[PDB]
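Student: What follows is a single structure, and I will ask about it in a moment.
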Amino acid sequence: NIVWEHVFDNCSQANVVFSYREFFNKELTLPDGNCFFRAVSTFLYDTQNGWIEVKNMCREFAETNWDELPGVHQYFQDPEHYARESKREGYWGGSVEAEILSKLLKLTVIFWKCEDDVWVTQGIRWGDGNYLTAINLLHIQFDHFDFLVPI
């Protein structure tokens, strides 16, 4: 059992050390700048090939539900600013889209930080759920995300 500490809006955080293979199997995503969206696409569609649809749905939720996205507001002026920056191909996904997707899909999203391919040393969570029901991502160096499936 894990103690989540509230950070901001629907975002919380946990310092915790564990072997991620103790609780997860990993699925690698293609190492390009779309890796975040490929990991979410795997969760949603059981293939990484739908990363473009994940980018689209984030943009669309930003335009219809801008009022609900204070973490996105920290970095982008309005939905059009978000849409322009995310439509470029060297756009890297991350905590902005984890907030969007947690609220669009009514799901919990968790980044598990791992720097040696063995030990997780930190979790960051959007939503109130536990990891069994969450989109779990392995966040490693160079802003790469792989997908984690709970055992």
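Labeling convention for the structure tokens: chains A, B, ... as they appear, residues from 1 per chain, ligands from 1 in order of appearance.
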Determine which residues of region 37-150 of chain A DSSP labels as alpha helix (DSSP H) from the backbone of this structure, then write them out as a PyMOL selection string.
Tutor: chain A and resi 37-45+51-64+70-73+79-87+95-105
Student: What parts of chain A does DSSP call strand (DSSP E or B)? I'd like the answer as a PDB file with N, CA, C and O atoms, in the first residue's frame.
Tutor:
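As a result, states.pdb now contains:
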ATOM      1  N   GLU A   5       0.397  11.697  -2.056  1.00  0.00           N
ATOM      2  CA  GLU A   5       0.372  13.040  -1.497  1.00  0.00           C
ATOM      3  C   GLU A   5      -0.116  14.024  -2.549  1.00  0.00           C
ATOM      4  O   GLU A   5       0.433  14.085  -3.659  1.00  0.00           O
ATOM      5  N   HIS A   6      -1.150  14.780  -2.196  1.00  0.00           N
ATOM      6  CA  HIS A   6      -1.759  15.689  -3.146  1.00  0.00           C
ATOM      7  C   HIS A   6      -0.771  16.769  -3.560  1.00  0.00           C
ATOM      8  O   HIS A   6      -0.006  17.282  -2.741  1.00  0.00           O
ATOM      9  N   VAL A   7      -0.779  17.102  -4.846  1.00  0.00           N
ATOM     10  CA  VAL A   7       0.135  18.084  -5.418  1.00  0.00           C
ATOM     11  C   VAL A   7      -0.623  19.297  -5.941  1.00  0.00           C
ATOM     12  O   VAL A   7      -0.315  20.435  -5.586  1.00  0.00           O
ATOM     13  N   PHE A   8      -1.644  19.066  -6.763  1.00  0.00           N
ATOM     14  CA  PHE A   8      -2.233  20.125  -7.563  1.00  0.00           C
ATOM     15  C   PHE A   8      -3.464  19.580  -8.264  1.00  0.00           C
ATOM     16  O   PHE A   8      -3.378  18.555  -8.948  1.00  0.00           O
ATOM     17  N   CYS A  11      -3.882  15.965  -9.360  1.00  0.00           N
ATOM     18  CA  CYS A  11      -2.562  15.365  -9.455  1.00  0.00           C
ATOM     19  C   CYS A  11      -1.998  15.107  -8.062  1.00  0.00           C
ATOM     20  O   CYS A  11      -2.041  15.990  -7.195  1.00  0.00           O
ATOM     21  N   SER A  12      -1.472  13.897  -7.851  1.00  0.00           N
ATOM     22  CA  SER A  12      -0.815  13.542  -6.603  1.00  0.00           C
ATOM     23  C   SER A  12       0.451  12.754  -6.927  1.00  0.00           C
ATOM     24  O   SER A  12       0.733  12.423  -8.086  1.00  0.00           O
ATOM     25  N   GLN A  13       1.201  12.422  -5.882  1.00  0.00           N
ATOM     26  CA  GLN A  13       2.561  11.958  -6.050  1.00  0.00           C
ATOM     27  C   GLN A  13       2.910  11.041  -4.892  1.00  0.00           C
ATOM     28  O   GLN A  13       2.386  11.192  -3.786  1.00  0.00           O
ATOM     29  N   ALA A  14       3.791  10.078  -5.159  1.00  0.00           N
ATOM     30  CA  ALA A  14       4.209   9.114  -4.153  1.00  0.00           C
ATOM     31  C   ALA A  14       5.687   8.818  -4.343  1.00  0.00           C
ATOM     32  O   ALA A  14       6.135   8.570  -5.466  1.00  0.00           O
ATOM     33  N   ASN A  15       6.449   8.884  -3.257  1.00  0.00           N
ATOM     34  CA  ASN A  15       7.811   8.368  -3.245  1.00  0.00           C
ATOM     35  C   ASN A  15       7.748   6.926  -2.777  1.00  0.00           C
ATOM     36  O   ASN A  15       7.265   6.644  -1.681  1.00  0.00           O
ATOM     37  N   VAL A  16       8.209   6.018  -3.616  1.00  0.00           N
ATOM     38  CA  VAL A  16       8.081   4.605  -3.318  1.00  0.00           C
ATOM     39  C   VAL A  16       9.103   3.898  -4.188  1.00  0.00           C
ATOM     40  O   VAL A  16       9.378   4.341  -5.303  1.00  0.00           O
ATOM     41  N   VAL A  17       9.705   2.833  -3.660  1.00  0.00           N
ATOM     42  CA  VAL A  17      10.692   2.040  -4.391  1.00  0.00           C
ATOM     43  C   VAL A  17      10.140   0.637  -4.579  1.00  0.00           C
ATOM     44  O   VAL A  17       9.747  -0.009  -3.604  1.00  0.00           O
ATOM     45  N   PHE A  18      10.105   0.167  -5.827  1.00  0.00           N
ATOM     46  CA  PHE A  18       9.765  -1.228  -6.064  1.00  0.00           C
ATOM     47  C   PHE A  18      10.276  -1.650  -7.432  1.00  0.00           C
ATOM     48  O   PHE A  18      10.468  -0.824  -8.330  1.00  0.00           O
ATOM     49  N   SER A  19      10.511  -2.948  -7.565  1.00  0.00           N
ATOM     50  CA  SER A  19      10.775  -3.557  -8.860  1.00  0.00           C
ATOM     51  C   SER A  19       9.492  -3.516  -9.681  1.00  0.00           C
ATOM     52  O   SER A  19       8.489  -4.104  -9.276  1.00  0.00           O
ATOM     53  N   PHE A  24       4.047  -5.451 -12.729  1.00  0.00           N
ATOM     54  CA  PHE A  24       3.720  -5.111 -14.109  1.00  0.00           C
ATOM     55  C   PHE A  24       4.516  -5.952 -15.105  1.00  0.00           C
ATOM     56  O   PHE A  24       5.629  -6.391 -14.820  1.00  0.00           O
ATOM     57  N   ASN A  25       3.945  -6.130 -16.292  1.00  0.00           N
ATOM     58  CA  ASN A  25       4.684  -6.505 -17.486  1.00  0.00           C
ATOM     59  C   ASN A  25       4.798  -5.271 -18.368  1.00  0.00           C
ATOM     60  O   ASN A  25       3.872  -4.459 -18.424  1.00  0.00           O
ATOM     61  N   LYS A  26       5.918  -5.136 -19.065  1.00  0.00           N
ATOM     62  CA  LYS A  26       6.186  -3.952 -19.863  1.00  0.00           C
ATOM     63  C   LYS A  26       5.946  -4.239 -21.336  1.00  0.00           C
ATOM     64  O   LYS A  26       6.228  -5.336 -21.821  1.00  0.00           O
ATOM     65  N   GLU A  27       5.415  -3.250 -22.042  1.00  0.00           N
ATOM     66  CA  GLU A  27       5.327  -3.269 -23.495  1.00  0.00           C
ATOM     67  C   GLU A  27       6.038  -2.032 -24.017  1.00  0.00           C
ATOM     68  O   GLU A  27       5.696  -0.902 -23.641  1.00  0.00           O
ATOM     69  N   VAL A 109      -4.438   8.081 -14.496  1.00  0.00           N
ATOM     70  CA  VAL A 109      -3.207   7.974 -15.267  1.00  0.00           C
ATOM     71  C   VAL A 109      -2.050   8.116 -14.296  1.00  0.00           C
ATOM     72  O   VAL A 109      -2.059   9.015 -13.447  1.00  0.00           O
ATOM     73  N   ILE A 110      -1.070   7.216 -14.392  1.00  0.00           N
ATOM     74  CA  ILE A 110       0.066   7.197 -13.475  1.00  0.00           C
ATOM     75  C   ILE A 110       1.364   7.095 -14.264  1.00  0.00           C
ATOM     76  O   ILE A 110       1.506   6.228 -15.138  1.00  0.00           O
ATOM     77  N   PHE A 111       2.297   7.993 -13.972  1.00  0.00           N
ATOM     78  CA  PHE A 111       3.668   7.920 -14.460  1.00  0.00           C
ATOM     79  C   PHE A 111       4.494   7.264 -13.366  1.00  0.00           C
ATOM     80  O   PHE A 111       4.512   7.752 -12.231  1.00  0.00           O
ATOM     81  N   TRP A 112       5.174   6.173 -13.703  1.00  0.00           N
ATOM     82  CA  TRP A 112       6.093   5.499 -12.795  1.00  0.00           C
ATOM     83  C   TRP A 112       7.520   5.773 -13.275  1.00  0.00           C
ATOM     84  O   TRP A 112       7.903   5.357 -14.378  1.00  0.00           O
ATOM     85  N   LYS A 113       8.295   6.484 -12.463  1.00  0.00           N
ATOM     86  CA  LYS A 113       9.624   6.909 -12.871  1.00  0.00           C
ATOM     87  C   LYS A 113      10.628   5.779 -12.660  1.00  0.00           C
ATOM     88  O   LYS A 113      10.724   5.214 -11.568  1.00  0.00           O
ATOM     89  N   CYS A 114      11.383   5.453 -13.704  1.00  0.00           N
ATOM     90  CA  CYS A 114      12.359   4.375 -13.611  1.00  0.00           C
ATOM     91  C   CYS A 114      13.576   4.709 -14.465  1.00  0.00           C
ATOM     92  O   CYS A 114      13.445   4.937 -15.669  1.00  0.00           O
ATOM     93  N   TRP A 119      14.088  -0.474 -11.022  1.00  0.00           N
ATOM     94  CA  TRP A 119      13.439   0.078  -9.837  1.00  0.00           C
ATOM     95  C   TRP A 119      12.618   1.314 -10.181  1.00  0.00           C
ATOM     96  O   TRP A 119      13.136   2.262 -10.780  1.00  0.00           O
ATOM     97  N   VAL A 120      11.351   1.309  -9.780  1.00  0.00           N
ATOM     98  CA  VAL A 120      10.545   2.524  -9.774  1.00  0.00           C
ATOM     99  C   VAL A 120      10.835   3.280  -8.480  1.00  0.00           C
ATOM    100  O   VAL A 120      10.867   2.686  -7.398  1.00  0.00           O
ATOM    101  N   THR A 121      11.102   4.585  -8.590  1.00  0.00           N
ATOM    102  CA  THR A 121      11.376   5.401  -7.416  1.00  0.00           C
ATOM    103  C   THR A 121      10.335   6.486  -7.164  1.00  0.00           C
ATOM    104  O   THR A 121      10.412   7.162  -6.131  1.00  0.00           O
ATOM    105  N   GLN A 122       9.365   6.668  -8.057  1.00  0.00           N
ATOM    106  CA  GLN A 122       8.381   7.721  -7.879  1.00  0.00           C
ATOM    107  C   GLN A 122       7.162   7.411  -8.728  1.00  0.00           C
ATOM    108  O   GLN A 122       7.282   6.886  -9.839  1.00  0.00           O
ATOM    109  N   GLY A 123       5.997   7.759  -8.200  1.00  0.00           N
ATOM    110  CA  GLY A 123       4.770   7.788  -8.975  1.00  0.00           C
ATOM    111  C   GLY A 123       4.174   9.183  -8.990  1.00  0.00           C
ATOM    112  O   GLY A 123       4.230   9.900  -7.989  1.00  0.00           O
ATOM    113  N   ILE A 124       3.611   9.564 -10.134  1.00  0.00           N
ATOM    114  CA  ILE A 124       2.776  10.749 -10.266  1.00  0.00           C
ATOM    115  C   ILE A 124       1.443  10.316 -10.870  1.00  0.00           C
ATOM    116  O   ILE A 124       1.414   9.627 -11.896  1.00  0.00           O
ATOM    117  N   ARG A 125       0.342  10.729 -10.238  1.00  0.00           N
ATOM    118  CA  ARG A 125      -0.986  10.207 -10.527  1.00  0.00           C
ATOM    119  C   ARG A 125      -1.944  11.345 -10.845  1.00  0.00           C
ATOM    120  O   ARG A 125      -1.968  12.357 -10.138  1.00  0.00           O
ATOM    121  N   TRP A 126      -2.731  11.177 -11.908  1.00  0.00           N
ATOM    122  CA  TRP A 126      -3.871  12.035 -12.209  1.00  0.00           C
ATOM    123  C   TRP A 126      -5.137  11.202 -12.060  1.00  0.00           C
ATOM    124  O   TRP A 126      -5.312  10.201 -12.767  1.00  0.00           O
ATOM    125  N   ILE A 135      -4.249   3.820 -16.374  1.00  0.00           N
ATOM    126  CA  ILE A 135      -3.244   3.749 -17.429  1.00  0.00           C
ATOM    127  C   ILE A 135      -1.894   3.956 -16.748  1.00  0.00           C
ATOM    128  O   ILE A 135      -1.597   5.061 -16.283  1.00  0.00           O
ATOM    129  N   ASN A 136      -1.099   2.887 -16.650  1.00  0.00           N
ATOM    130  CA  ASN A 136       0.227   2.919 -16.039  1.00  0.00           C
ATOM    131  C   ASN A 136       1.296   3.050 -17.116  1.00  0.00           C
ATOM    132  O   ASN A 136       1.327   2.258 -18.064  1.00  0.00           O
ATOM    133  N   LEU A 137       2.185   4.030 -16.956  1.00  0.00           N
ATOM    134  CA  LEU A 137       3.265   4.280 -17.901  1.00  0.00           C
ATOM    135  C   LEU A 137       4.604   4.237 -17.181  1.00  0.00           C
ATOM    136  O   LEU A 137       4.726   4.704 -16.042  1.00  0.00           O
ATOM    137  N   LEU A 138       5.607   3.662 -17.839  1.00  0.00           N
ATOM    138  CA  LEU A 138       6.974   3.700 -17.342  1.00  0.00           C
ATOM    139  C   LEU A 138       7.643   4.909 -17.986  1.00  0.00           C
ATOM    140  O   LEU A 138       7.829   4.943 -19.206  1.00  0.00           O
ATOM    141  N   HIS A 139       7.965   5.911 -17.169  1.00  0.00           N
ATOM    142  CA  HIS A 139       8.610   7.142 -17.612  1.00  0.00           C
ATOM    143  C   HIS A 139      10.104   7.026 -17.330  1.00  0.00           C
ATOM    144  O   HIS A 139      10.513   6.962 -16.165  1.00  0.00           O
ATOM    145  N   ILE A 140      10.914   6.995 -18.392  1.00  0.00           N
ATOM    146  CA  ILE A 140      12.358   6.786 -18.302  1.00  0.00           C
ATOM    147  C   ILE A 140      13.090   7.975 -18.936  1.00  0.00           C
ATOM    148  O   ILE A 140      12.461   8.974 -19.295  1.00  0.00           O
ATOM    149  N   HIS A 144      10.964   9.309 -22.669  1.00  0.00           N
ATOM    150  CA  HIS A 144      10.350   8.144 -23.261  1.00  0.00           C
ATOM    151  C   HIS A 144       9.378   7.514 -22.266  1.00  0.00           C
ATOM    152  O   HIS A 144       9.640   7.462 -21.059  1.00  0.00           O
ATOM    153  N   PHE A 145       8.256   7.033 -22.782  1.00  0.00           N
ATOM    154  CA  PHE A 145       7.271   6.313 -21.988  1.00  0.00           C
ATOM    155  C   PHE A 145       7.069   4.948 -22.616  1.00  0.00           C
ATOM    156  O   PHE A 145       6.847   4.847 -23.830  1.00  0.00           O
ATOM    157  N   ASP A 146       7.111   3.914 -21.794  1.00  0.00           N
ATOM    158  CA  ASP A 146       6.635   2.598 -22.180  1.00  0.00           C
ATOM    159  C   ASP A 146       5.343   2.293 -21.422  1.00  0.00           C
ATOM    160  O   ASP A 146       4.955   3.003 -20.484  1.00  0.00           O
ATOM    161  N   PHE A 147       4.649   1.248 -21.862  1.00  0.00           N
ATOM    162  CA  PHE A 147       3.354   0.881 -21.302  1.00  0.00           C
ATOM    163  C   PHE A 147       3.537  -0.238 -20.282  1.00  0.00           C
ATOM    164  O   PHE A 147       4.335  -1.155 -20.490  1.00  0.00           O
ATOM    165  N   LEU A 148       2.813  -0.155 -19.164  1.00  0.00           N
ATOM    166  CA  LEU A 148       2.874  -1.172 -18.116  1.00  0.00           C
ATOM    167  C   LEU A 148       1.498  -1.800 -17.936  1.00  0.00           C
ATOM    168  O   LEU A 148       0.508  -1.085 -17.769  1.00  0.00           O
ATOM    169  N   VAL A 149       1.434  -3.125 -17.966  1.00  0.00           N
ATOM    170  CA  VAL A 149       0.192  -3.867 -17.746  1.00  0.00           C
ATOM    171  C   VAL A 149       0.241  -4.460 -16.350  1.00  0.00           C
ATOM    172  O   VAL A 149       1.179  -5.212 -16.042  1.00  0.00           O
ATOM    173  N   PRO A 150      -0.721  -4.172 -15.476  1.00  0.00           N
ATOM    174  CA  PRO A 150      -0.726  -4.819 -14.158  1.00  0.00           C
ATOM    175  C   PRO A 150      -0.828  -6.336 -14.287  1.00  0.00           C
ATOM    176  O   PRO A 150      -1.542  -6.857 -15.147  1.00  0.00           O
TER     177      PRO A 150
END
Student: Given the choices A:108, A:10, A:1, A:48, which gets closest to residue 28 (chain A) if the distance is worked out from only C-alpha atoms?
Tutor: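 Between A:108, A:10, A:1, A:48, the residue approaching residue 28 (chain A) most closely is A:48.
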Student: Compare A:52, A:40, A:118, A:23 by their minimum atom-to-atom distance to residue 91 (chain A), counting only C-alpha atoms, and give me the closest one.
Tutor: A:52
Student: Quick one: pull the distance between CA of residue 51 (chain A) and CA of residue 100 (chain A), Å, one decimal.
Tutor: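 One can read the CA of residue 51 (chain A) to CA of residue 100 (chain A) distance as 14.9 Å.
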Student: May I have the residues within 12 Å of residue 62 (chain A) as a list in words, using only C-alpha atoms and disregarding those fewer than 6 positions away in the same chain?
Tutor: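 Once the adjacent positions are removed, what remains is residues 55, 56, 68, 69, 70, 71, 72, 73, 76, 77, 78, 79, 80, 81, 82, 83, 84, 86, 96, 97, 99, 100, 101, 103 and 104 of chain A.
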Student: Calculated over only C-alpha atoms, which of the candidates A:134, A:30, A:151, A:57 has the smallest distance to residue 43 (chain A)?
Tutor: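 Result for the nearest residue to residue 43 (chain A): A:134.
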Student: Report as an MDAnalysis selection string all protein, DNA and RNA residues lying within 10 Å of residue 49 (chain A), evaluated on only C-alpha atoms, omitting residues in the same chain fewer than 5 positions from it.
Tutor: chainID A and resid 29:30 37:39 41:42
Student: CA of residue 90 (chain A) and CA of residue 20 (chain A), how far apart in Å?
Tutor: 28.8 Å
Student: Please, what distance in Å, to one decimal, runs between CA of residue 131 (chain A) and CA of residue 36 (chain A)?
Tutor: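 Straight-line distance from CA of residue 131 (chain A) to CA of residue 36 (chain A) works out to 17.6 Å.
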